[PDB]
């Protein structure tokens, strides 16, 4: 409907796959080459389904900060025959607050879903399902089961992936440029 939704759509159409693990179906953001991200609670194993194709996992790393605190991001390298468009130049370098974000989801349950979530707070610490978690972004939208892995964007930036909610608010793990240097 506007430039925010234009940016969100441009990312969803080229840089997302549907990932399935034994813990469900997730939106998965492809970042560059065969490297993608997913919430750590997806419990990625040695095999994952990518758009319903059995795919070997070449590497999976559950990120933690330098206090050894969960960040709820897992970086996955997929044994896929095709590379993602490189979007690392759209990743922020620092933790920040944002205006006017969109959360976008693409699964069997919720295809082509876009939500204007408004203002995004650098919330920081969250006890997420009983796990102390850092670098959390918060938006005031009643997000529901099925939205985990959803991409959080502003115009020109990919800032996070949706990892939880409390019924009134939604929570995303920060994406930072420094996660994806090679």
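Residue numbers (the authors' numbering): 0 to 181.
For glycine and all other residues, C-beta sits at the position ideal for the given N, C-alpha and C.
- A check of alpha carbon separations from residue 7 across 92, 151, 169 identifies 151 as the nearest.
- Burial check for residue 93: the Cβ neighbour count within 10 Å stays below 16, so the residue is exposed.
- Sequence-distant partners of residue 104 (beyond 5 residues in either direction) whose C-beta falls short of 6 Å from its own C-beta, in its chain, are 26, 112, 146, 149.
- The beta carbon of residue 95 sits closer than 7 Å to those of 121, all from its chain and outside the five residues before and after it, given in chain order.
- In this structure, the beta-carbon distance from residue 72 to residue 178 falls below 9 Å.
- The continuous beta strand (DSSP E) containing residue 58 extends over residues 52-63.
- Pairwise C-beta distances place the segment 127-147 out of contact with the segment 48-57, as fewer than three of them are shorter than 8 Å.
- Secondary structure note for residue 13: it is in no beta strand (DSSP E), and the uninterrupted alpha helix (DSSP H) holding it is 2-14.
- With a cutoff of 9 Å on beta-carbon distance, residue 35 and residue 18 are scored as near each other.
- In its chain, beyond the 5 residues on either side, 97, 100 have a beta carbon closer than 6 Å to the beta carbon of residue 153.
- About 6 Å separates the CB atoms of residue 173 and residue 159; that is less than 8 Å, so the two are in contact.
- Here DSSP, grouped into helix, strand and coil, assigns residue 105 to coil.
- Residue 161 sits buried, since 16 or more C-beta atoms from the chains shown fall within 10 Å of its C-beta.
- Residue 58 has its alpha-carbon roughly 19 Å from the corresponding atom of residue 87.
- Residue 181 sits close to residue 32, with the two beta carbons spaced by under 9 Å.
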